[PDB]
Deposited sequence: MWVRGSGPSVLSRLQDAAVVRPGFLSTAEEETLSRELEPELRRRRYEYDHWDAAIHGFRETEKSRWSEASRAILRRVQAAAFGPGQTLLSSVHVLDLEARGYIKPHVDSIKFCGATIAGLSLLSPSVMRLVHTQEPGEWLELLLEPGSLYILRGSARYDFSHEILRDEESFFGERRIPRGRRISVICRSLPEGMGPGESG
């Protein structure tokens, strides 16, 4: 339902490395995050785009000070996705416009440890993972609003990830129309 792959072996190999938990958040939790983050994101302009930037059509913030309700959600993510690992001192909040997208990349190994965990809000999208040496090994993850994904180990180090732009936004054969998306990303310390 939420993962498709280039073949059975990549699917088995990454089954606990690339994880989607649809409906990890309740509607109330989605609302908590939106009410806290929408106003903060509105204070910033969508950034200038660059050809050699991974992220296109976006604004963002780092946030370490959170309401108690949002902190309860972040602690649920930490329990679900991270061992005992330490998290970075801030959480990355990313606002992609409907025309925005993310190009294939591997998160910096200088600043991010073994695990990335992301909450998706507002609208559905498709995350594609592609092996960095072998373009024939890939996964597609369907990220609906309220979902948590986890990329760890090989899914974090050996595969790029990207968020498909509207015209390319397909989960298998199915078109996933893109809208404005907010994501809330927790990362481990290296």
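Unmodelled regions of the deposited chain, listed from N- to C-terminal end, are 85, 192-200.
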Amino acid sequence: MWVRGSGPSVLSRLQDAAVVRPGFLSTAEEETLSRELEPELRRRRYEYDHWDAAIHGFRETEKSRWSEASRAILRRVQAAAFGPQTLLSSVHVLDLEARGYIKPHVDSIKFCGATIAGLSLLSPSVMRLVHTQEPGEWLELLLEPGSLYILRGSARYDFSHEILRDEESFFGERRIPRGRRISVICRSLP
From here on, numbers count along this sequence of modelled residues.
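The PDB entry records a higher mean C-alpha B factor for 36-44 than for its counterpart among 139-147 and 36-44.
When the mean C-alpha temperature factors of 179-187 and 1-9 are read from the deposited coordinates, 1-9 comes out higher. Across the residues 154, 125, 61, 70, the deposited record lists the maximum Cα B factor for 154.
When all modelled residues of the chain are sorted by CA temperature factor, residue 14 is found within the highest third. Among the modelled residues of its chain, residue 109 has a C-alpha B-factor that falls in the highest third, as given in the PDB entry. Compared with the other modelled residues of the chain, the Cα B-factor recorded for residue 87 ranks in the highest third.
Sort the modelled residues of the chain by CA B factor and residue 134 lands in the highest third.
Annotation for residue 65: CA B-factor lies in the highest third of the chain's modelled residues.
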